[PDB]
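Protein sequences, first through last, are from chains A and B. Per full-length UniProt numbering, the very first residue in the first sequence carries number 1; after that it's consecutive. Per full-length UniProt numbering, the very first residue in the second sequence carries number 1; after that it's consecutive. Worksheet for the structure shown next.
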Amino acid sequence: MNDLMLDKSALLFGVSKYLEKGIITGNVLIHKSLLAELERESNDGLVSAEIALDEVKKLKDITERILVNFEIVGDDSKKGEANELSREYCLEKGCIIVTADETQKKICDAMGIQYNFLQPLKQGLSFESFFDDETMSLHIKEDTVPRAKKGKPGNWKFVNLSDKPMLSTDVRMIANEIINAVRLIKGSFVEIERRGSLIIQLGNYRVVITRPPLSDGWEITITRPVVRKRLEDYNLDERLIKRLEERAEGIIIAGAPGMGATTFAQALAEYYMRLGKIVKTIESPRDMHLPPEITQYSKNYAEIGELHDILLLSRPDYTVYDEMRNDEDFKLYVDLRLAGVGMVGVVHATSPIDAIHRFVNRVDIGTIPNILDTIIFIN
Amino acid sequence: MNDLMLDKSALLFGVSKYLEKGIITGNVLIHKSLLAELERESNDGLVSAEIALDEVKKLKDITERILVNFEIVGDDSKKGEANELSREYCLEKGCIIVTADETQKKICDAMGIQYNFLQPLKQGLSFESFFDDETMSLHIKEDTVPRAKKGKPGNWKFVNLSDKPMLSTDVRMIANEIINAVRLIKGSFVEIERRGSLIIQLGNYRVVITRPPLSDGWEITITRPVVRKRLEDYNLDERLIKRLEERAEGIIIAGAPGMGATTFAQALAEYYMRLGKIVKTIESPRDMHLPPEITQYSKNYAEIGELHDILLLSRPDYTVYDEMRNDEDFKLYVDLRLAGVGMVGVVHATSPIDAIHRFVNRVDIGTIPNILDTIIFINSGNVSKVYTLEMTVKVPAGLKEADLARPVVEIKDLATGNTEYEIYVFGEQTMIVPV
Numbered sequence: 001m002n003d004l005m006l007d008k009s010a011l012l013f014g015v016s017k018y019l020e021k022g023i024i025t026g027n028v029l030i031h032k033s034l035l036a037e038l039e040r041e042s043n044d045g046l047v048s049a050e051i052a053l054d055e056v057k058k059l060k061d062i063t064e065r066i067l068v069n070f071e072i073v074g075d076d077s078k079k080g081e082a083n084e085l086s087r088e089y090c091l092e093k094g095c096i097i098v099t100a101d102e103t104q105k106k107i108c109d110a111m112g113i114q115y116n117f118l119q120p121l122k123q124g125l126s127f128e129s130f131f132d133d134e135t136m137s138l139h140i141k142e143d144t145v146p147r148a149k150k151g152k153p154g155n156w157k158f159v160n161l162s163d164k165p166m167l168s169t170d171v172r173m174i175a176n177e178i179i180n181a182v183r184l185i186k187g188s189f190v191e192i193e194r195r196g197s198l199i200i201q202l203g204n205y206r207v208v209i210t211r212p213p214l215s216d217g218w219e220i221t222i223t224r225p226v227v228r229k230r231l232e233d234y235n236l237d238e239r240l241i242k243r244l245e246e247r248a249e250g251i252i253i254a255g256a257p258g259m260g261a262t263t264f265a266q267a268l269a270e271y272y273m274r275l276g277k278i279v280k281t282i283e284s285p286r287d288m289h290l291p292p293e294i295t296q297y298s299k300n301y302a303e304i305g306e307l308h309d310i311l312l313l314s315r316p317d318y319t320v321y322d323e324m325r326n327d328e329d330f331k332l333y334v335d336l337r338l339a340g341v342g343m344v345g346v347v348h349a350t351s352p353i354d355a356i357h358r359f360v361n362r363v364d365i366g367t368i369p370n371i372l373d374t375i376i377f378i379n
Numbered sequence: 001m002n003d004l005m006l007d008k009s010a011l012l013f014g015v016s017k018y019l020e021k022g023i024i025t026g027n028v029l030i031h032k033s034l035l036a037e038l039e040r041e042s043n044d045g046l047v048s049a050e051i052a053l054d055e056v057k058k059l060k061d062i063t064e065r066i067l068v069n070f071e072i073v074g075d076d077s078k079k080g081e082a083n084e085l086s087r088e089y090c091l092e093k094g095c096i097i098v099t100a101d102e103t104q105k106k107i108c109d110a111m112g113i114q115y116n117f118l119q120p121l122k123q124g125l126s127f128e129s130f131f132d133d134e135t136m137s138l139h140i141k142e143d144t145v146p147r148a149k150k151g152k153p154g155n156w157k158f159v160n161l162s163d164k165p166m167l168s169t170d171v172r173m174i175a176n177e178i179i180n181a182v183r184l185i186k187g188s189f190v191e192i193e194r195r196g197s198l199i200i201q202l203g204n205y206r207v208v209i210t211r212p213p214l215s216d217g218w219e220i221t222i223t224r225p226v227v228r229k230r231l232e233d234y235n236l237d238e239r240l241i242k243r244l245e246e247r248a249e250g251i252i253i254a255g256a257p258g259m260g261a262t263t264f265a266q267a268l269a270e271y272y273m274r275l276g277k278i279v280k281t282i283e284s285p286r287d288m289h290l291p292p293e294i295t296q297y298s299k300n301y302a303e304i305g306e307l308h309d310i311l312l313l314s315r316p317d318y319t320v321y322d323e324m325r326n327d328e329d330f331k332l333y334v335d336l337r338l339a340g341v342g343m344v345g346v347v348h349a350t351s352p353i354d355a356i357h358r359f360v361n362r363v364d365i366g367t368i369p370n371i372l373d374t375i376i377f378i379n380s381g382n383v384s385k386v387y388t389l390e391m392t393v394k395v396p397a398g399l400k401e402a403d404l405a406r407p408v409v410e411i412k413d414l415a416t417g418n419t420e421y422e423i424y425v426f427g428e429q430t431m432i433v434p435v
């Protein structure tokens, strides 16, 4: 009964499901213009366009068995944007726009065009099924069975979630599902997109996507952080807690790799926030699990001197510098300390004294205690 | 009895053949627009356009043979994309679209335009006939006879497969055949296209295509992966296998060139995967033969710091760094190790001090065993020697007493327990070699 005009967003969302399931009803209309767009995009090698186009057929298929029309319209003088043309069509013919795009929704509302706004089923995401409350990361690759890392950082096992390999089409669908979710989820954004790789923050999930030719096949890795070890869980000496609370300003946390030095720092940073201190972190890449009250900078995306300047205006109480390696890292730590900023630096060294050598050359000996006052060793 | 409208995809798919065979039948139509496009492309030097245009004549000739019409249609006045115009023409006049392009198929299906979708005539590809069970690679060049590399990776022999040279036209046709196959074959993609070169992954085949002016003639080299040697096929020492399974985190596989160091690393990576470890590889270019459970990154196409971030975010258990040559390579290895990622590094060297020399300058002495713990030497496809690294607090020499206290790294033979070399610092840091 209703005439429905579908935009690209509807096709990239899975509108075919809604149709069959009866959530929406009527004839299906797609503007010629949109098909033209999809064609070019498909030719330009856009992955989304394959998905969108594939959706067109399903729609036609369902249209066939439920005794409803399916048509493509508007080729005469078809000079413009698909969304704009499709609206115009709906205005002149009284059709209904179906979309998953808020922007389109808003314009339709203004123009007085009837519209149907698609809403994710409350079930959050495809891949969410595989996630366990105890699953650390999910690994998906072309021609591969999905696999998961289950446990805690100390104790975990590796697992196969299925015996069926994952098809290439399916992987790309999941990647698309994830890109769509950025708009929908809170505190989600694309970190960086490169020709071979895409890195995403999706709620608490961290997503890394790789594609040929960088990788041999499409791969998606989704990770979720484990429960943060609190400072209290480290059963701490009263002498030390007092020091941290009241006297310590230039700190180094040292330990051999895998001995828990980073994790401790994370715990200390959270503790200091809870004490009412302003805390910030510098990491590369950003991986610590901390609340939003603590701002986490990823140095990789920072321009030269950018962090230095931001931190000197911000003047936080403590800055946690994770995995200090480069001369620039040590220089920045010293600069901040000289500026009166508290620091917690993570140096992976096997002996605490070894943590110092890199600091010792940078400053005059009389200034050294002002740079560093406390070194905490982790085993 | 039908009117057939051919798109570019059909012209690149040897549609002339189909017509002869009667697989498709009717009059042939080509839209003006498409011919205009082929012309411009041909002038811009597109190789495909030459092929596509050549196919037009073939079509015309065949039409004459089978007594069917051939025509070029559409007003010169109308402008647009050839595919869009061709579809429009079909709608108005009831013609049938002939194509090998899935996109066009999908759009035609939607628009309710009848179409004929071309499917490859033979399952195998042209060149696949030339491959035998024991052939490693196939070499094709203008004015040369086809040739192949056959036998053992250590003991391969070159051969001629034919009497007659291949004309340039034949080589370009094969290249095109291969480009077309990317769409069809599973797990295929264009690695990279440059002005003079094209590199392709086609199923398990690797294809390299070169053309002038980069090369003196058109050349196509097609290679197939070798049978992979399993870790078990090396009948390794029990002491060693235990180490690899339960204690070795920072590994370097070393040897002389051609002695099998890379192949051993490939084997070890496979082994670890089977143990349920997550394994990834860094190589340049990507050549190892590994199952899809192991992901292989080609470093050449990676941006600065890209791999470092990916690997730290998606945490694998072991990363295999093949042919470590650059300072950046060693840095990354160290970064990953510090982050607790296991490494298998391939360094072609004859001496342990030579293999490890590049690592020693990077970190404080106490931290060295944490970067590197095990060094495996490969010779003639087997393990020559294994060294282990540990840090001790000791005066290097009890008689010398030059420094009363010292912390040192001892490099010990796995078999003898014999500290063949020591590492410590006394002004600039030096390696020793005890008798």
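Ideal Cβ positions, reconstructed from N, Cα and C, are used throughout, including at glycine.
- Does the distance from the CB of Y318 of chain A to the CB of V344 of chain A come in under 8 Å? yes
- Per DSSP, which residues does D413 of chain B bridge with? Please list them. B:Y387
- Which residue comes first and which comes last in the beta strand (DSSP E) that contains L198 of chain B? 197-202
- Task: Could you name the residues of chain B that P285 of chain A contacts, counting a contact when the two beta carbons are closer than 7 Å?
- Result: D309, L312, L313
- Message: Helix, strand or coil, according to DSSP, for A148 of chain A in the structure here?
- Response: strand
- When the distance is taken between beta carbons, is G203 of chain A closer than 8 Å to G217 of chain A? no
- Taking the C-alpha atoms as reference points, what is the distance between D287 of chain A and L313 of chain B? Across the structure, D287 of chain A and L313 of chain B are spaced so that their CA atoms are roughly 7 Å apart.
- Message: Quick check on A181 of chain B - is its C-beta less than 8 Å from some C-beta in chain A?
- Response: Using a Cβ-Cβ cut-off of 8 Å, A181 of chain B does not count as an interface residue toward chain A, since no Cβ of chain A sits closer than that to its own.
- Message: I'd like to confirm the pairing. Which residues does DSSP put opposite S137 of chain B in its beta bridges?
- Response: B:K149, B:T223.
- Query: For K32 of chain B, which residues from the same chain have a beta carbon less than 7 Å from its beta carbon, with the 5 sequence-adjacent residues on both sides left out?
  - Reply: Excluding residues up to 5 positions away in sequence, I72, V73, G74, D76 lie with their Cβ nearer than 7 Å to the Cβ of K32 of chain B in the same chain.
- If you draw a straight line from the alpha carbon of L34 of chain B to that of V56 of chain B, how long is it in whole angstroms? 11 Å
- Task: Look up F189 of chain A in the DSSP assignment and say whether it is helix, strand or coil.
- Result: strand
- Test item: CB-CB of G366 of chain A and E249 of chain A under 8 Å: no
- Query: Of the residues B:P213, B:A265, B:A52, which one's Cα is nearest the Cα of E177 of chain B?
  - Reply: B:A52
- Item | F264 of chain A in three-state terms, based on DSSP | helix
- State the start and end residues of the unbroken beta strand (DSSP E) segment that holds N27 of chain B. 27-31
- Beta-ladder partner(s) of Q296 of chain A, from DSSP: Per DSSP, A:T281.
- Cβ neighbour criterion (16 or more within 10 Å) applied to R247 of chain A: exposed
- Task: Helix, strand or coil for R40 of chain A, going by three-state DSSP, please let me know.
- Result: helix
- Query: So the alpha helix (DSSP H) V360 of chain B belongs to, where does it begin and stop?
  - Reply: 352-360
- Exposure of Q119 of chain B, with buried meaning 16 or more beta-carbon neighbours within 10 Å: exposed
- From the DSSP output, in three-state form, read off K60 of chain B for me. helix
- Query: Going along the stretch 222-256 of chain A in order, which residues come within less than 8 Å of chain B, judged by CB to CB distance?
  - Reply: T223, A256
- Task: Could you name the residues of the same chain whose beta carbon sits closer than 6 Å to that of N27 of chain B, not counting the 5 residues immediately before and after it, in chain order?
- Result: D3, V68, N69
- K157 of chain B - containing beta strand (DSSP E), residue span: 156-160
- Task: Give every residue of the same chain whose Cβ lies closer than 7 Å to the Cβ of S126 of chain A, excluding the five residues on either side of it in the sequence, and list them in chain order.
- Result: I174, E177
- Message: Does any residue of chain B have a CB that is nearer than 8 Å to the CB of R206 of chain A?
- Response: For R206 of chain A, the answer is yes, since a Cβ of chain B falls inside 8 Å of its Cβ.
- Message: I need the boundaries of the alpha helix (DSSP H) containing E303 of chain A, first residue and last residue.
- Response: Careful: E303 of chain A lies outside any alpha helix (DSSP H) and carries neither H nor E.
- Query: Would you call the stretch 252-266 of chain A and the stretch 347-362 of chain A in contact, with 3 or more CB pairs under 8 Å?
  - Reply: yes
- Under a Cβ-count criterion, where at least 16 other Cβ atoms within 10 Å of its own Cβ denotes burial, should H308 of chain B be classed as buried or exposed? Result: buried.
- Task: Go ahead and pull the three-state DSSP assignment for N176 of chain A.
- Result: helix
- Positions along the stretch 15-45 of chain A whose CB lies within less than 9 Å of some CB in chain B: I30, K32, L35, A36, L38, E39, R40, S42, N43
- Query: Within the 8 Å Cβ cut-off, does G366 of chain B reach chain A?
  - Reply: yes
- Message: Along the chain, where does the alpha helix (DSSP H) containing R337 of chain A start, and where does it finish?
- Response: 327-338
- Item | Near-chain B residues of the stretch 146-165 of chain A (beta-carbon distance less than 7 Å), N- to C-terminal order | The stretch 146-165 of chain A vs chain B, Cβ under 7 Å: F158.
- Message: Taking the beta carbon of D327 of chain A as the centre, do at least 16 other beta carbons fall within 10 Å, making it buried, or is it exposed?
- Response: Exposed: under 16 other Cβ atoms inside 10 Å.
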